Each structure stands twice: as structure tokens, then as C-alpha cells.
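For reference, the chains in residue letters:
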Amino acid sequence: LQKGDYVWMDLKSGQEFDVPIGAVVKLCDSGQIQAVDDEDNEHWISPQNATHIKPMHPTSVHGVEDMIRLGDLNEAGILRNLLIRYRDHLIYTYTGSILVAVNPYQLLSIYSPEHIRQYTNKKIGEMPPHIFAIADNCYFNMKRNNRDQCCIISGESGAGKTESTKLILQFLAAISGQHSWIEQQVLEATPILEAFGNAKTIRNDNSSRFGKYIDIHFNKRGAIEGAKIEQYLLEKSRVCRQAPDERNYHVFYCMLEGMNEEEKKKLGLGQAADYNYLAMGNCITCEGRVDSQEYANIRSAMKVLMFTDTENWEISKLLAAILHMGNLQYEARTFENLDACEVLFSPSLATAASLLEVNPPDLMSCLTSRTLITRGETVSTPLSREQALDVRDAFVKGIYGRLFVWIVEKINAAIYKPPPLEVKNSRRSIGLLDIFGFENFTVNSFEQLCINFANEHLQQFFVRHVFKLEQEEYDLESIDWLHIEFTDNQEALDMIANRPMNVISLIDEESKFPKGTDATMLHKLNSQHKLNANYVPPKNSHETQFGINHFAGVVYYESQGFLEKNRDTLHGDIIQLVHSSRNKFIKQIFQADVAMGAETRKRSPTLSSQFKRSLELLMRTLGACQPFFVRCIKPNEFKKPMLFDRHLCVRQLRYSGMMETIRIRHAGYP
Amino acid sequence: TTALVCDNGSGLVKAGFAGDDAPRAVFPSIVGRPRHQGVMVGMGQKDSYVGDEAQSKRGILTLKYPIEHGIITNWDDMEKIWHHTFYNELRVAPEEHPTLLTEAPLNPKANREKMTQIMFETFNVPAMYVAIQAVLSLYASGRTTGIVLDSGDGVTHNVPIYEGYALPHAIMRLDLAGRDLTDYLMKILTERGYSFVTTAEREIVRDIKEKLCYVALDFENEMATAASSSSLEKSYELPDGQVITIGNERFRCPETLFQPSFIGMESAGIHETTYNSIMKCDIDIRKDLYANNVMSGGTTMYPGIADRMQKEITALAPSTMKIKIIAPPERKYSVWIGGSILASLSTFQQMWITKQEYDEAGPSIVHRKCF
Amino acid sequence: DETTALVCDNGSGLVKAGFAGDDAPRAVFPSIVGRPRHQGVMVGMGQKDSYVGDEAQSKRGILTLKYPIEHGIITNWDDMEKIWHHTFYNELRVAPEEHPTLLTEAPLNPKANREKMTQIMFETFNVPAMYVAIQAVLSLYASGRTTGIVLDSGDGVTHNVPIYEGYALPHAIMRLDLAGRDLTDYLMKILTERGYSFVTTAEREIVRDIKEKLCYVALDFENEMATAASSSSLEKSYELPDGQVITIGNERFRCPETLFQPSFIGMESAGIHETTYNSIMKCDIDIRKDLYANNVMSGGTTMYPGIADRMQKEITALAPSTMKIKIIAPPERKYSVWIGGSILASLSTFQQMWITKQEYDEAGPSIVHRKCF
Amino acid sequence: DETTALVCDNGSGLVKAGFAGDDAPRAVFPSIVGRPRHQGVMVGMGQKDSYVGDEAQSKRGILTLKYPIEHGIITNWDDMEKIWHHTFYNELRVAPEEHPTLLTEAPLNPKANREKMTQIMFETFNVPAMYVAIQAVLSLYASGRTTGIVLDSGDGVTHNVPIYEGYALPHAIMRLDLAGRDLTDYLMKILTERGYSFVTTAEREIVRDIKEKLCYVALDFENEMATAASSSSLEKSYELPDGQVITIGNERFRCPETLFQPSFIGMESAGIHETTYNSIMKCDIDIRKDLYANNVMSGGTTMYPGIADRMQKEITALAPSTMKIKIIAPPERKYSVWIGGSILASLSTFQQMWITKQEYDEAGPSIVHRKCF
Ligand SMILES: Nc1ncnc2c1ncn2[C@@H]1O[C@H](COP(=O)(O)OP(=O)(O)O)[C@@H](O)[C@H]1O
Ligand SMILES: Nc1ncnc2c1ncn2[C@@H]1O[C@H](COP(=O)(O)OP(=O)(O)O)[C@@H](O)[C@H]1O
Ligand SMILES: Nc1ncnc2c1ncn2[C@@H]1O[C@H](COP(=O)(O)OP(=O)(O)O)[C@@H](O)[C@H]1O
Ligand SMILES: Nc1ncnc2c1ncn2[C@@H]1O[C@H](COP(=O)(O)OP(=O)(O)O)[C@@H](O)[C@H]1O
Ligand SMILES: [Mg+2]
Ligand SMILES: [Mg+2]
Ligand SMILES: [Mg+2]
Ligand SMILES: [Mg+2]
């Protein structure tokens, strides 16, 4: 017991994300720590509640770059270490092999050509933490062991993931002698790809809805021979359905306003409130941006990437056709003791046919009918109202997905510079992956489940890499570690997608099962997974939420919304209509499909099936390359140069999975 | 390994892969053998022809159906048909793909056991399963409640189902089917002077039936109209070039479905059979059964059959009740569609009869597992 | 602090539940548990092995319905747990471990019933507190009186309890086992005369519905015989679920008549009127006038048209002419037991009469005998 | 003076007729009416539009056989008239106008059946007198007892009637619709598992003969099935009327088992043993000891080789271990109802209970309700 000490003072505040603050000791009477908790707070601590006071370790007292060697290996210590460094303009920190970057919301000067050469050929720990250091060691280890490397950037939306990708590429640009025009193209590619791949969410105005991978290929004893952009895990349910206080991808809004009125007249476009695909979110204008300015940025960036004015007009019409099909209205019909549809007449229907350059009778029949096309006959079957909405939305999502692939292909064509592969040593790639992070919103839906499922694979990949470099490596040189436990956590993944009777297939099964509803899907999940500890069944029959114990924690998903988003039904008639279309662009993007002939369309890979296969392809790519992990944290929600919100940060620390590194320290030799 | 759905019907074989819209291969279930003398030395000689080539060489062959009334009569020919389906049509190795088969509700147990044994030993499938056709018809119709009238080439049967619970005591079976309709048409064509005897001519008569026969709402009024006018008469051209004109036969041939006394059977009509099956079920169930008269099978494709069924069932049922005859336009392949859906379900993946279970229990495992 | 109590009037046929203070019960549903009796053929269909309450009367044609309570005695102690679980979690949407619960019971029942109810409440649902009360007493609370003899008739039991100024006379308590379920069975038996045949438990519900919608109590049984035999004016029609139309005549008032003439179903006991008169006579001579002036009727079986008039006629015939016979039949007498239970549970004076968890933990299941009644 | 009465036990499948005072029925023939269903080509052949009784079986191959009685209730009142005319004239050789007639009926039949029988007898055949009795009472009369519970089982209905010292307990009477006709229809459905297909109403009689000649009741059903699934000792051969030989195994004892397990044909009711136990336990406590030892079995469906041992085992397992269970199965129980009817009609004290022509003329067809039972 002394005075002026640093002591971990533990408030009993009821907030979920609360950890000890600690404060310097003041005066002498009772506890009397105060003298700012860390900002300005006062605590007249009594002797009775002096148990809230724990003396603080000197390593925790002064900020340490390597959190692994921190004295108090707890969330409070790790949260605090970020805080002194952030108040001192230090926005980088290590956790053994993981960089932690805090978005400054300000243009700091830590980045310079001097900083490039200063950090060049410097191992981790030789210098203060920097995004350059991860890039340098990734480049150095690359040629040192002749193995492809990968960098994984993930975090909360708006935490600086995209910027860190630019800076890593900037460092790898300078480590090469030539200026490498490729990077300028890669930066030019960003406005286009962000336009078609990002949308506004309740949390951030610009949120990534897919995984971005930049495969910058490196020539032998050189750099930036070529670069390939590959997209994964593209959310396609948003194109047709938008959550409240959220809006569709920025392209439709940036396109719809800020275009010449005569161009709109040819497309038939009006305002934005008319289209249900853009107005059901009930937030058209996003404060903090003037999308018309973005339209100039989008078009100018396209012009740099060899996008002729013809191509943009082809693109604009397809997006125009998407909106008009969105406003189509279906009415129920009974036919002859069956289910039939009737598309109400509207100018959108005629405009959609003109934009697609298809016969209006052909469009009507394709939207409201299906043909078996068995051997020897055709047989046409009417569709129900719910099925008609499905094929319309599936067609809309199909066009946007293929259009997105074409844009990536067009951008890739101008930057790839196909490396000469006649030599066995093709090239030593350094992948840069910009991936979403774990979110736990107030209302979690089908989109969040697939998003949370993806981080389960990434966390497992992260845990294995950390475990390998944990006592499995640094003990292995000297100290025994076989007694030390290194169990993995695959039980959550097995329940979700890696075991028979997994969660995803039960969603897929209930989608096609007769008289299938969300309530029936929940009963299937409860019946199969009630005994599993990872599954938290609803307490009542009326409750419509099921809980899954992810690595971050128990996350509750709303049953309603499923079986509607996870239905991408493309009949053969859809592809037949595209093939007969006069427009060459619509046929070009459906090129693989217009070579039809398969009745396997009953499969019609649903959004769950497509997401899994995309994730498996993604994991194989990361599996082949040695990984480097970077975590980005946004300190505060209202963009401010210097404001560190504790509750916001510690939530990101818990959901990041970084705490697993600390846990295995305690199991080993802390 | 995609599952195989093989609907071995009495008349046609519908085969394909699970998770597809329509059957991949649909060929007749016949095995033809030469019935003449081969005079040209060096010509390709085949002992048997199965399916489409058997129909193509119909002139010089004798056609036989391995399956009659749902029971596999000739197992050698049935094995030939299975081999043709597996290798020539689907071009798939049976040993790497689970196979799903269909069967009439009240077939003898020996048929099912022999099918299981043939699949596990002759073709060595990894697993197999036998399912009732009416359940698959409901699966294709996308309902969990209703009474199914499945009429094919061999048998006609009704199966009432409510919320997935079948009532076995109310299941009914009838042997009147398209084969009997074709034979009756062959018999009644002789009144006009046309004589068909050979199996090839029986196939021709089947074609004539499928092209010209229809169901009349009022049989007596249709007979009067046919007797009083030539409007109902239609012409059909035989392969050799001769043309035949038929009148009242067009609606007399399908009428035997409603009046089995024409072919000398004492059984009740299909409408009365459906009404009895509904009445055998519980009183609470009858309304949902009346509103969901699902129809399946090729024999239910005659024009006006849905209207006639609705009229008869409305006459039999109480007035307050609502009679709905659901006849999807693709009801010929509804059994196969339902089989594909069933095989695609993840819940069904635990109910396959694996090879180890067969090796341990024997062919009797199929009764314990399937239905 | 503001922990609302729960009132669960779990009868033989219907379960009435709610919160102490409300005007009407929140959840009313039949006390049945159904199990599938057919073969499940569609793979992937929702497989439930039990249906409780209203869910068991929608899928009624593929289930066997079994009442866990008969004649006010719980015979199946797992179906009753199922029903209580449904009532607490799926109907009231409340946690049983944070609400004191009030239960109701017939006057003369085996002590094992109360002991097992105590044990289940305190060991399975872990209620903070419990109380078991007589339904006939709660009927008086609902009627807003402190004096009178109450005639409670559900579908398990019919009992009479005379009370004067809050004092009950136990020696004058009568209990009969003729009730609505026996009425339904007798109607189902006598319907076979006209040709209609109902055998299954599902058809028992249809018979009960016919009884509730068409049966009435005839003031003069012989004259009503004469009118029914001489004319068809008394005949009514009812449509079965499949669309068939049935017509019933004298059965409409033959079925309820067994209340006054129990010899129809083969019982030697006297009618409800004679039972009430004997219960009144067993009491003290001074109390008899006030008991005559206040006859409270409760329960679903007392909802037949004309039952109050015939009860008054019979009791007037039995009783002395000077005494004034008044039959009190409130319009909401079907829920009077629950209303009285709510009123009792919402009293400050009652809050020290709960059986708490500590007393059960120290005394065992026998604490209810010395605490409740 | 010496006018012998007529006893006509018109069952659902067989008609047993004769005279009062005889030992056995004089005319036992199936109760069917046959009509041609084919085309008559030979001009000159005598054409009959109806065949009744044994001639309908002789001409079985070209006729449609229709039972006018189903589940004890007469449905075709012209076919029934034809059968009664044949019984009176072509089988008994007696004019019905000069002989009192005694008829039998199920205990719980519709009240219109009895009235229609009364009207037909009194206006078509002009019988001088008539009476309608209950078959279980006549079974007791034939068995020569006054105390016992009768399990009658023809092929229409199965009913239990307990009687003690000449007093019947109507509230304990149980009726159940599962008998020889349902057993035949179930055998006709389980015979298709081996390849045999009988669908014709003329082929129904072949299945009936197979059931009567090769079916027994197993003491332990599961052990019997295990034995039948391990050897060929239970298989038997039967020759069809055209020379084909059919072999049946476990179908021999799987067909009669549905009497003890009605769920085989999709019925929710309980077995005959449980029905008898419930009927016994629905009686007074003093009667049960004398009813447990007087289980009289009647009807043709109780002729299976081994039913009296299975029933005794089941009732012994259901009853307390201090009562003596005795099943009385007389060797002639197929005609017990008729023998008891003859004995009752031969009684001198019975002659005052005939429904005379004058009484019917005075009181209409409704006299039978108050004159019988
Ligand atoms: N290291 C950094 N230095 C300066 N500004 C940054 C840095 N990281 C992020 N920002 C700011 O954050 C904003 C959005 O960050 P961004 O990386 O686009 O978010 P996201 O990771 O969701 O794509 C940018 O406008 C940028 O100015
Ligand atoms: N358009 C049609 N009209 C009437 N009958 C038809 C028609 N098409 C097919 N059929 C009948 O359907 C029968 C076979 O149909 P299908 O159900 O495929 O047979 P199976 O049930 O044996 O598989 C044939 O015998 C044929 O007579
Ligand atoms: N309108 C009515 N007329 C006649 N009887 C009724 C009526 N409503 C309900 N009943 C009978 O009341 C019985 C149960 O009612 P109730 O007393 O509310 O339940 P409990 O017996 O659990 O107290 C039912 O069996 C029903 O037959
Ligand atoms: N030996 C037997 N074994 C089994 N069943 C028999 C035997 N003899 C007769 N039956 C059955 O008894 C039924 C009719 O017998 P019976 O009691 O005379 O009927 P009912 O009482 O209706 O006249 C027939 O349907 C027959 O199946
Ligand atoms: Mg971004
Ligand atoms: Mg078929
Ligand atoms: Mg009550
Ligand atoms: Mg009899």
C-alpha cells in the first residue's frame, strides 16, 4: 500500500464489455485512486471496496510493443497497451506475429519514402511496429524459402483494412526498383470494385460485402511482374433485399443520379424512390458523400481501365434492366386447381424487354412458367406467386454476379500481364486478402450466418498457425511441450457445415421440402442439434431465434428471412431467354450458361451452396501459402482524430480471436 | 456420388440422377428377340434388343415386357434392362452410385427381396432403397396431405396421406391400367374391320390410343352424338400408308376406367375407389383428402379425365364439400421428380440400405428398413 | 418486488392459466396429450412424439387423445408434467422459477395427489412458492360473497361445499363423480339409436361439441318426452367435419337429464338437487335459510340452458315453502374458479400462507397437509 | 293349439332357422343374394334374376354376391325380404302366417332396424306373433347358466353382455365392430404378400374357407413369429377349386391375432380380452368374482383352435392373482344362440310376452321398443 502507484481498479459497471481500467493513486485517505481513470474520471474509493484495487505490474505500467511479454496477460492489459500508444500517435502494435493497427482518422506522417528504406530488410522487432514490417518480412521470407506467402487483413468495417492493403502494396512497389505502373492501376481498380462490391450498412457508410484478393505475382529476383484480382464470398442477397437502415450497392445510386438526363431517358430511369430494390431500406441518401462525385470517379477509373464508352452503356442498361424487373408486380391466380401468376402491366416490363432486347412475350412466359424439356417433349408448368418472385430475384442476382465477374475479368486483363509459365519457377506470389470480420448485430440474418461461418474457417486457420509457432515451435528448440495441450476447435464447424445433419444442409433441405417454412426449419435444427452444447435452442415454441456458440460467443440468428434469401432458382428457360437475346453483352456474360444442355438445374446452387464452394476455393488458396495476420481496430464510432472508446475496442478484441494467442501462453510458459 | 432414381414402370423406364428437373432417359421396358431366319452372312447378329432399338426393329422381333402388373415376371430380361439403363443409357457405373427404386404398394415380398439381391450382387451398388410411388407423387406435387391416384401401365392404386402419415388400411390397388386399355382398344377396333394381332400391331394400337382417345363427361350423350353425327370421327395413318377412321372408340376405350365391367372385371371404377379410400380414413381427415385429389401417371393424361373425376366425386361426396382434382401438366414424370427430391434430402441419407447391412441380415433387410 | 403470482386451475378437461390480478384467464386449452398412431412415410417431415393442448385438436385425426386427469385425480404423472411445461413455457411465456404458483383441487381427493403435486412443483419446475386451494371456495370469492353453498361441476367431479361467514362445514361436503365427461359418454352411447356411430377419441370431441351446442335441460322431463314424441320442433341439425348432417331429437335433453337422474348411466347416487338439499340439511339449523338464499353454480356442466330454473324448481319442492330459494348463476361461471383464485392470490393477507422452498426442504412433501387446508 | 314357434337367428353371414323344441337348426345357409353379371347366350335356359342361399354358392362363378346385413344392421330391405321368403318357404317348407317367429338382434343396434323388422314381419308375412331378443341372453340360456358374461362374436359384430342372477347391466354392455368378415378381409390383404390375389366377391368365399380351415390363435404371438421365421413346421397347403396349390405360413396365426390387436386393421379399439376385462370391471364389486369364472364364449368367430387358452392367459394376467378365471367354450358354441332361442321360445311363461297382431295394430311399429328389452 503506497501512494501514486498504478493499480488495476475494477469498476462493477453492468456493461457487457467491461474490464479493469487501473488508475494512478492520489491523496491518502481510503482508496482514493482517482487522478483520472485514464481520461478524467474520479473514484472516491472506500476501504471496504479496496478489493477492487490490484497492484499493477511494471511491464503493464509502460506500454510494450510485444503484448506476448506483457506482465498482466488479460484483456484489460491488452486494451490499455493500445491506449497509451494511441494517445501518443502510435497506431501499431505486435502480439507475437499479429500486427494490431488502430485507424487514426487523421493523416499522420509515419508513412514516407524514408520510412520505406528505413524499414527495408528489417526483421520483426528490429524496429517499432509498422505495416511495412509485415510486408518486408513477407517479401524476405518469400525468396528466402522459395514459398508463396499470404497476408490476411481483417477487422471491423471502417477500421482501415483497405488502406492497409494500399500501404503494403506501396511498400512492395518501392522494394522493386521500377515504379511499376501496375500499382497505379490497382489503385484505379479500387473505386470501380468498391462501387460494385460495397454497400451502406447500419454500422458504416462504406462496408465491404465480399472478399478481395490481390495476387501480385513476383518475377524471379524482382517484383510486380503481374497482379491478378480475384473476388470471393460476394453477398448476392442484398441485390434484391435490403435490411432496414441499409441500402443496395452504391452503383445503382451513383448511376441513377449524376447522369445526363437524356441518358436516363434512353434507359427509362427516373428517381430512386420509385424502385423497390433501392427504396425498401428507407434510406436513399447517405450523409457524408455526394454519390454524383463518385459517378465521375467511377467513370474516370473505368476510362483508365480500358473501359470504352460502349462498355459502360452496356453495363448501364443491364443495371437499368435490373431496376425495372425489380418493380414488376405479381398477382396470384388459381388456374385450374393449381397455382398461377399474372405480371401486372407496367412501363417497367416493356422497358426491361427493350433493355434486355428480348421479345416481350418471351419475357412474360419465362417469368411465369417452367418447361421440363424431357426427352421427346417439352411440357410447360405454371409457377406459384412465391416461385415467380424467386425466379425474378434469381435472374436479377444472376446478372449482377456475372456482371461483377466480367468487371473483375476486364480489370484483370489490363493488369495481369500473364507471367511466362514455360519456366517451372513460374513466380513467387504474395497474396493480399481483404476480408470482412465477425459481427454480432442486434438482428442477425442469413447474411450474418454465412459471414460468421467464414470467420470460423479463418479463425481455425489462424489458430493452427499460431499453435504451430507457439510451444510447437519456440519450445521445440529447447523446452518440452508435448505435455502442453494444443486442442483445436472444430466442433462448431462440424455442426455448421462439416458433418452430416449440419446446419447449412438443414436450411437447404427445408428450402425445397414441400410446405417448407422458417418455423419448420427451426424445428429441424432444434430436433437434430438440441443435445449439442454449441447449439442454443429457443426457450419457447414462439421464439424464432436459434443460438450458435461461435468462437467469439453465442450469436442468435433470426429464423425469419431464411428460406427466402437462400433460394437462387435459375430454370433452363432463363438461360434460353438470354441465349436468344439480341444484346451481345448479356450473352457474353452468360457464355458458360448459354452452352446449356443440363437438367441439373434442380440443384441450381443456392446461396448457401455457392458460398461454401467459394469459401473452400478461398481456403485452398490460403492453405498453399504461409500466412501473415493483421488486425485493424476502429477506436471510435464518430470519426475523430483522437478518441479511444474502450467498450467499442474491447468488443473488437474479443471478436477478433486474438485472445486465443494469449490463452495458449497461459497454458504454456507465460 | 449422385444418387440414381430409377422408376422401373410396367410400360416405360424413367431413369436419371438425383437433383435433376426431368428424367435423363425414358425408354420402353421391352426386350425383343429375332423371330425370323437370318440369310445374309456377315450381318451383325444380336440375340436381344432392349428399348428404343427394339421398337425400331419392331418388324423382325417379338416384343415382351419383363414387368406385368407391377410384378417382375422375367428376371433375366429385367436384369438385361437394368444393365442397359446403367451402362448404355445413363453411362454410369452402378458400383459407385446409390440407386433408388419404386414399387407398387401391395406387391409380393419376393419381388422386393429379389430386387435387393440383384442390386447388391449382380450390380454391386453401394446402397439401395425401395419407395412407394404415390409418396413420390405427393413430393413432386409439393404437398404433405392428399390422396394420390397413380395410374400407369400395370396397376392403379390410391394412397391417402395426411401430414406425412399414411393410412395403410385405406390403401387400395387395382390391376386395370393402360395395358388393359390398349387390349380393349385392340378388341373394339375389330368391329370396324381393322385387325391387330402381333405385338408390333399392339404398339401401333397403343400409339392410336395415346393420340385419339379422350374421356367424355357424359357417356350416354357422347354415344348419342357419335351415332347421330360424324363430328367425333378422326383419321390416323398406319405406317404402311393405310388410313383408319375411328368413331365412338375414342371415348369408349378410356371409359373402361370408370366402368370396369367392359373388360369383364367386377371391380369398381376409379372414382368409386377414390371415394371409398377417402371414406375409410378418419372423419377429420376427409375434408383435406377431398380438397387434394392429386393425380399422377401416364394413364391419367386423357383429355377430360379430371373433369369426369371431379363430377363423379362431387356426386358421391356431400354437397357442402369442395372437390378439387389436382392434375399437374407434368404428372407423367411426377413419380420420378418426387424420387429425385427424396433422394436429394439430407434426412434421407441415413435410411439407405448399405452393403454391410445386406451382407449381415440378408435380403430380408429390405422389409425391416424400407416401409 | 413486483412479482406477479400465477393461477393455474388445472381441471380434468380444460386448463385455465393466467396472472393474479387479471380479469380473465390468459390461456384456456384442452387438457389432452396426443400421440401418433399411424405410419410416417414422408422422410424429412417434422417428427413430434407428443402434441399438447390446442395443437392436439388440429392434428386430431392422426392421434390418440388421452386425458391425464380423470375424476379430478391425476393418473398419468408424465403427461401432466408435459401439460404443465406447455402451460408455463409455451402458453404463459414465463419462467416457473420466479413466480409463485397457485393450484386448485377437488374437495375429497387422495393425499398422494397433493403430495406429488407439491414434489413436482418444488423439484422439477422449482417454483419459489406454492399453494393448493379448494375450487369451491374460490367460486365464492368470484361471486363476491361470504355465505352460500356452491355447486361446482366440471367434467371430472361435482361437489358441494357450504360456507357461512368464511367458515366451512367439512361434514356437509358432498362429492360425486358424474360430470361432463360422463355426459359426453352417455350422449355418445344414445346417439347409436338414430344410427350415428362415434367410437374413436377423435369422435369423442365431436360428440362433446354436439352436446355443448345442442343439449339443454328440460324443466319437465315427461312433458318434454311427450313433445319430442309428438312433434319434430325439438329436433336440431349439426354438420359433421366431413360434411354429413345429423339430426338429434329427444337426446338434446336426455343427455343433461342424467345430472338429476344418475340412474341413466347406472349409478345409485341421487341427483344434484338432492345432493345440494342434503348438504344444506347437514348444516346447522340457523345457517339453512342463508344457504337457501345463496346457491352459487360454477363449472362448465352448469352452462346448460334451463339448469338454473330446474334446480330452483327441485330445491323449492324439497325445501320448506317459507324459505326463499335463489339460484345464483353468474354469466361467467365457467371461469369463476379462476377469478376467485386470482382474487385470493392478489390479497396481502394471503402472502404469508404460501408454502416456501425452505419449508418444503425442511419438512418434505407432507408440509402441504398442515399448510393448505 | 299346438302351434310350434319359429326361431330365426339371422346373423350377418349365416341364417340359422328351425323350430322351437329342437336340438339343432334345421336350415343353415349363407345369407347372400346373387345376381348374374354376364351375358346369357343360350335361348331356352331357365333364367333366374336372383339366387339365395346355397344355390348362390353353387353358381358362384357367374354371380355377384351381396350380403344384405353388415355389422348387424340390415342395409338392403329387398334382399332381406328375399332371404326371409326363402327361409320361410324353400328351406322350412312352412307357411309363416300360422307360426310365431322369434328373431335376434345386436344389443346396441339402431332403433329403426327393429321397427322395420316388425313392420316387415307383420305386414308382408302376416306372422301371428313376434319377439326380438338379444343374442347373449340366448347364449346364456343354451349354456344353462344365469350368471356370466357372454362374449358373442359372429361375423358382423362382437359384443359383451354381463348378467348376474337373471339381471342385465346395460351400462356395462360393450359393442365392438370386428368379426369374421373383417378377419376375412384382412386375410385377403395379407395373402398378397406371397403372390395370391383374390379380389372377386366370389373369391372372397375361398379366402373365408382358407381362414376356417387353416387359421389358429397363438399362445405367444412373438414366440410364434420367431418359430415361423426359423422353420417350415407351421406351413400348410390348401388347394384352390381349380387345382392350384397355395402355401401359407405365419398368415395362419397373424389373421386371428387382430382380434386381440385391432390396430392391425387400423382400429383404435382394444382387444377382446381388454374389452371383457373392462366390461367386468364396470359392474358391481360383488359380481366380479362370479363373472371371472363364467366367461361364456359364443359365435362362430370363437371357433379358432386355441382362442380359449389365449383369452384365459390374458384375463388371468389382467385380473388379481386371487381370482379363478374360467373360460367356458362349449363344443357347439356355433349354434348356442339358436339353441338358447329355441329353449326360450319353448318356455310356458314366455307365451305372455309375444307381440300379438292386435297389439301391433293398436300401437303401430313402436310397440316393439316397450315389449322387447
Ligand atoms: N492508416 C491510415 N492512415 C490514414 N487514414 C486511414 C488509415 N486507415 C484508414 N484510414 C481512413 O479510414 C477511412 C476508411 O477506411 P477504409 O480502409 O476504406 O475502411 P474499410 O477497411 O472498411 O475499407 C478512409 O477515408 C481513410 O482516410
Ligand atoms: N397422352 C396419353 N393419353 C393416354 N394415355 C397415355 C398418354 N401417354 C401415355 N399414356 C399411357 O401411359 C402408360 C405408361 O405411362 P407411365 O406412367 O410412364 O408407365 P409406368 O407407370 O409403367 O411407368 C402407357 O401404357 C400409355 O398407354
Ligand atoms: N355451453 C356448454 N354447455 C354444456 N356443457 C358445456 C358447455 N361448455 C362447456 N361444457 C362442459 O364443461 C366441461 C368442462 O368445463 P370446465 O368446468 O370449464 O372445465 P373443468 O372441468 O376443468 O373445470 C366440458 O367437458 C364440457 O362438456
Ligand atoms: N372353424 C372356424 N374357424 C374360424 N372361423 C369360423 C369357423 N367357423 C365359422 N367361422 C366364422 O364364423 C362366421 C359366421 O359364424 P356365425 O356365428 O354363424 O355368424 P352369425 O352369428 O353372423 O350368423 C363366418 O364368417 C366364419 O368366418
Ligand atoms: Mg474496403
Ligand atoms: Mg409408374
Ligand atoms: Mg373446474
Ligand atoms: Mg350370431
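- For this deposition, the record names cryo-EM as the technique by which the model was determined and cites 3.1 Å as its resolution.

### Some details on the overall build of chain C
Okay, so step 1: Helix and strand counts for chain C stand at 14 helices and 20 strands.
Okay, so step 2: Taken over the C-alpha trace, chain C has a radius of gyration of 22 Å; the compact-globule value for 373 residues is 21 Å, and the two agree within 12%.
Okay, so step 3: C-alpha atoms of chain C, sized along the principal axes, occupy 70 × 65 × 35 Å.
Okay, so step 4: The buried share among the 373 residues of chain C stands at 55%.
Okay, so step 5: When contacts within chain C are restricted to residue pairs at least 6 apart in sequence, long-range pairs at least 24 apart make up 67% of them.
Okay, so step 6: If you sum the accessible surface of chain C, you get close to 15,600 Å²; carbon and sulfur atoms cover 48% of it.
Okay, so step 7: Of the charged side chains in chain C, 37 are positive and 48 negative; the average position of the first set lies 2 Å away from that of the second.

### Topic: the sheet that holds strand 16 (residues 535-536) of chain A
Okay, so step 1: On the basis of which strands lie adjacent, the open sheet formed by three strands has the order 16-17-18 (chain A) and antiparallel pairing. Both outer strands of the open sheet, strand 16 and strand 18 (554-558) of chain A, are each paired with one neighbouring strand and no more.

### Topic: the interface of chain A and chain B
Okay, so step 1: At the interface, 24 residues of chain A touch 33 residues of chain B.
Okay, so step 2: Summed over both partners, the interface of chain A with chain B buries about 2,500 Å², with 52% contributed by carbon and sulfur atoms.
Okay, so step 3: Three residues stand out in chain A for area buried against chain B, namely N337, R375 and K602 of chain A, and they jointly supply 25% of the buried area on that side.
Okay, so step 4: The tally of links between chain A and chain B comes to three salt bridges.
Okay, so step 5: Between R370 of chain A and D21 of chain B there is a salt bridge; the shortest N-O distance is 4.0 Å.
Okay, so step 6: One can count 12 residue pairs in polar contact joining chain A with chain B.
Okay, so step 7: Of all elements in the fold, only strand 14 (380-382) and helix 18 (503-512) of chain A reach the threshold of two or more residues within the side of chain A that touches chain B.
Okay, so step 8: Here the side of chain A that touches chain B takes four residues from helix 18 of chain A, the largest share from any one element.

### Looking at the environment of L319 of chain A
Okay, so step 1: Locating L319 of chain A in the fold gives a position in helix 11 (residues 309-326).
Okay, so step 2: Those residues within four positions of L319 of chain A in sequence are excluded, and the remaining contacts are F196, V251, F252, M255, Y400 and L403 of chain A.

### What to know about the pattern of salt bridges
Okay, so step 1: Evaluated as defined, the whole model comprises 84 salt bridges over all chains.
Okay, so step 2: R192 of chain B is paired through a salt bridge with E233 of chain B; the nearest N and O atoms lie 3.6 Å apart. Of this pair, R192 of chain B sits in the loop between helix 5 (178-189) and helix 6 (199-212) while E233 of chain B sits in the loop between helix 7 (219-228) and strand 15 (234-237); the two residues are 41 residues apart in sequence, bridging distant segments of the chain.
Okay, so step 3: Measuring nitrogen to oxygen at the nearest pair gives 2.8 Å for the salt bridge that ties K311 of chain B to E312 of chain B.
Okay, so step 4: Using a relative accessible area of 13% as the deciding quantity, one classes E312 of chain B as buried.
Okay, so step 5: If you follow the salt bridges from partner to partner, you end up with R209, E235, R238, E246 and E447 of chain A in one network.

### Concerning the interface of chain B and chain D
Many descriptions give the size of an interface as the accessible area lost when the pieces come together.
Okay, so step 1: Counting residues at the interface gives eight residues for chain B and 10 residues for chain D.
Okay, so step 2: In this assembly, chain B packs against chain D so that about 760 Å² is buried in total across both faces, 46% of it on carbon and sulfur atoms.
Okay, so step 3: On the chain B side of the interface with chain D, the three residues burying the most area are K109, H169 and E266 of chain B, jointly 60% of the side's total.
Okay, so step 4: Our count for the chain B to chain D interface comes out at one salt bridge.
Okay, so step 5: With a shortest N-O distance of 3.6 Å, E193 of chain D and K109 of chain B are connected by a salt bridge.
Okay, so step 6: Inspection of the region where chain B meets chain D yields three residue pairs in polar contact.
Okay, so step 7: Counted by class, the side of chain B that touches chain D contains three nonpolar, three polar and two charged residues.

### Focus: a nonpolar patch on the surface
Residue and element names in this part refer to chain B.
Okay, so step 1: Residues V39, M40 and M43 make up a contiguous nonpolar surface patch of roughly 350 Å² in combined accessible area.
Okay, so step 2: Within the secondary structure, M43 is located in the loop between strand 4 (31-34) and strand 5 (49-50).
Okay, so step 3: Overall, the relative accessible area of 48% leaves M43 in the partly exposed class.

Quick notes on the rules
- Residues numbered from 1 in each chain as written, not as in the entry; some residues may be left out.
- Chains lettered and ligands numbered in written order.
- Heavy atoms only, no water.
- Helix = DSSP H or I, 4+ residues; strand = E, 2+ residues; numbered from the N terminus.
- Rg over C-alpha atoms; globule rule 2.2 N^0.38 Å.
- Buried < 20%, exposed > 50% of the residue type's maximum accessible area, 1.4 Å probe, protein only.
- Contact = heavy atoms within 4.5 Å.
- Areas by Shrake-Rupley, 256 points an atom, 1.4 Å probe, with all protein chains shown as cover.
- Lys, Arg positive; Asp, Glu negative; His and termini not counted.
- Charge placed at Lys NZ, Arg CZ, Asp CG, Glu CD.
- Pairing = 2+ DSSP bridges.
- Buried area = accessible area lost by both parts, 1.4 Å probe.
- Salt bridge = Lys/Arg side-chain N within 4 Å of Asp/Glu carboxyl O.
- Polar contact = N/O pair within 3.5 Å; in protein donor to acceptor, adjacent residues only side chain to side chain.
- Nonpolar A, V, L, I, M, F, W, Y, C, P; charged D, E, K, R; others polar.
- Patch = residues over 30% accessible without salt bridge, like charges linked within 9 Å, V, L, I, M, F, W, Y side chains within 5 Å.

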